[PDB]
Structure formats: C-alpha cells, structure tokens
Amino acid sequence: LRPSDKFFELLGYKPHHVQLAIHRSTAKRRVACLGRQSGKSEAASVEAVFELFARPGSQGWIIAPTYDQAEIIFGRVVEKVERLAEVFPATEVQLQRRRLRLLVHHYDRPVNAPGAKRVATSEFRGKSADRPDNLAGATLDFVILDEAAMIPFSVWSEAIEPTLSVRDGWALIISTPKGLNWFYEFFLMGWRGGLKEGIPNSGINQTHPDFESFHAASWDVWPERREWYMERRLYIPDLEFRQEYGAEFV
C-alpha cells in the first residue's frame, strides 16, 4: 500500500506533480534528482509518517551529510506524527529530540482506556554521514538519504544497503546533483524519461526494475520563478547554477 489522497488530507498535504510521481511509485529504490525548492523535504517526511502509522513496528532512518541537515526532515516528521496521532486513539507518541529518535507505540485499544496493552512500536531516527560511529546497524523497513550526492557511497554500501535487504525495505534517495558520482549511477539505473540535457548517457542507458528515477529543475516546480533563477547567473558561478537549480550532472 501507498499513502492515498485520504491520507494526504489527514496530513494537510497537497503535493505537486513531482511529489505525486514519487508517492505513486512502488520502486524499492526511488532516486530523485531535484533542484532546490523542489519540495523534497516534505515529500520525504510524508513518506516517513505513513510508514510509522500504516506499518506498525516499521523502523526507518533519515540520514544526511550532517546532523543539522538531518534535523530538517526529522523535524517535519515529528510535527506531522505528533499531530496525526490525535486521530489514532490507539497510538501514543514518544520523542527524544536530543537523540533524534521518534517512537510511535501502537496499542490493543485506545490509549485513554483502562487495560491498554502495547502491541507494536514504530521507530524513526535522524542520522549523520559525518558521524559514522553512530551508524551501528538496525533492521530497517525504510530509509531516506537527503543530499545523497554529498554522502560517501561507503555509507550506503556498508551501513545502509545490507540492512534494507534483510526486511526488503525501500530507500528514497534524494539530492541536488554533485557531478558524476554514485548518485548519478543510481539515478541512471531508474531513468526512463529518455534523452535530456544535463543527464549524460540518458536515452541510451540501461535500467534496473527495482529503480525509478525522477528529475526536475527548480523552475519546473516553480515556473513563475524561472526568470529570477536565470538572473541569478550574474553572481552565481555557472556550475553551481546548473546543479543547484538546473539539476544537471556536470
């Protein structure tokens, strides 16, 4: 199952075309190469909230290059989780902000009723690629990689991938591109939108069935902001413009 329109209305969430494309995908590896202001954080956070409530017991991580970057999405998951638990009487939220750890306990009846027994607990943690030591494994049903192109591949291949494969969990791998590194390879394994400027080997690339890839420049999400973006090229180095806004692999 995936999050529905009904679930989006519970969240007060109105996704755009790109976000929606991501939510409708069932690929176990989703790779999103998007420009700034694409809505990446929200769509990621919405995915985490769903798992926690719809798959009681599920365990997931969000990891970013730094604890400060991870705190963004984690914070949005907290708001949504705590608010949403109001319409799920048989849940109770527990938070440890300092450890970036969020617990959703599920009960065999409404929490405010006598005799309430704790059946399952869902867990969500924030993690940092620059704190490898705190990446002691856990059995993950899901994981979000934020600014993935700036996370060393080793963190994926050694600390994340293997645990996912255990419970056959999914990964949402998001970034603005940072040249032709591992993130670009992964993007290409899922790219089915044919030839496109900014994406080398597109249109002749192979794809893996478990991979689905999404692409959007900032001005694709915000067309009315295109001119502004373009006029920033006057004081933004060209390569920074092509990547952060144009979402180009360079």
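Note that residue numbering follows the sequence shown and begins at 1.
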Notebook entry, point to check: Taking the recorded C-alpha temperature factors, which stretch has the higher mean, 131-139 or 102-110?
Noted result: 131-139
Note to self: Quick check: 87-95 versus 111-119, which has the larger average CA B-factor in the record?
What the structure shows: 111-119
Note to self: Between 171, 166, 150, 180, which one tops the list for Cα B-factor in this entry?
What the structure shows: 166
Notebook entry, point to check: Thinking about Cα B factors across the chain, which third does residue 190 belong to?
Noted result: lowest
Check: Against its chain's modelled residues, does residue 23's Cα B factor rank lowest, middle or highest third?
Finding: lowest
Next item on the list: Rank-wise, by C-alpha B-factor, drop residue 72 into the lowest, middle or highest third of its chain.
Entry: highest
Note to self: For the chain shown, is the CA B-factor of residue 215 in the lowest, middle or highest third of its modelled residues?
What the structure shows: middle
Check: Sorting the chain's CA B-factors, does residue 62 end up in the lowest, middle or highest third?
Finding: middle
